[PDB]
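Structure first, commentary second.
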Amino acid sequence: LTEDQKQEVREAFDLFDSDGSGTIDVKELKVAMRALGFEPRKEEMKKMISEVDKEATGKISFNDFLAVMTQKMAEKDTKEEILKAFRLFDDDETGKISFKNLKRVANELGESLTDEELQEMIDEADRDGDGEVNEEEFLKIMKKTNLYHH
Ligand SMILES: [Ca+2]
Ligand SMILES: [Ca+2]
Ligand SMILES: [Ca+2]
Ligand SMILES: [Ca+2]
């Protein structure tokens, strides 16, 4: 759930609803997201259209619009918190988390993890195989990990 921001979501809906019909188009959806500071991803969009409207109407209600905007503003906060955590591990700021980086912070927070258990963490996140974890890869394991923690 969003808080005071749904008043801003309402303002963006009414403005790009030319008719005042209480419904917007697929073409009107993407500009209203752009107005609220969100660049709609093309791959992300096709799943969104199907999720808010199954029938061949092409209409999007305010409640549909509040639903997509809530997850987008939630994703933005989730991403920013993940990247805040990413900078904690990559303290030498090379752009990648090494085994030495992960071990150092594990000892600093007093985590009861051995060298083998820490290295397994690197290898599962390491999708490309260079032995270190970059920004793209760290975002992948973190959304997986969010499933376990709430
Ligand atoms: Ca309309
Ligand atoms: Ca609908
Ligand atoms: Ca590093
Ligand atoms: Ca890597």
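Residue numbering restarts at 1 in every chain; chains get A, B, ... in the order shown in the structure tokens, and ligands count up from 1 in that same order.
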Spatial neighbours of residue A:68, 12 Å, only C-alpha atoms, chain gap at least 5 places, as a PyMOL selection string:
chain A and resi 1-2+6+9+29-30+32-33+36+38+40+44-45+47-53+60-63+73-75
Output the neighbourhood of ligand 1 as a PyMOL selection string, that is, all protein and nucleic acid residues with some atom at most 7 Å from the ligand, counting only C-alpha atoms and all ligand atoms.
chain A and resi 17-25
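Surrounding stretch 122-125 of chain A within 12 Å are residues 89, 96, 97, 98, 99, 100, 101, 102, 103, 115, 116, 131, 132, 133, 134, 135, 136, 137, 138, 139, 140, 141, 142, 143, 144 and 145 of chain A, with only C-alpha atoms counted and residues fewer than 6 positions along the same chain left out.
Separating atom CA of residue A:37 from atom CA of residue A:80 is a distance of 15.1 Å.
All residues within chain A that the backbone DSSP calculation assigns to strand (DSSP E or B) are residues 23, 24, 60, 61, 96, 97, 133 and 134 of chain A.
The two atoms in question, atom 1 (Ca, counted along the ligand's line) of ligand 3 and atom CA of residue A:87, are spaced 9.2 Å apart.
Straight-line separation from atom CA of residue A:42 to atom CA of residue A:28: 14.8 Å.
Proximity ranking of A:31, A:70, A:39, A:59 relative to residue A:12 places A:31 first, based on only C-alpha atoms.
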When DSSP works through the backbone of this structure, what residues of chain A end up as alpha helix (DSSP H), shown as a PyMOL selection string?
chain A and resi 6-15+26-35+42-52+62-89+99-108+115-125+135-145
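Restricting the calculation to only C-alpha atoms, the smallest distance between residue A:104 and any of A:90, A:117, A:56, A:4 is found for A:90.
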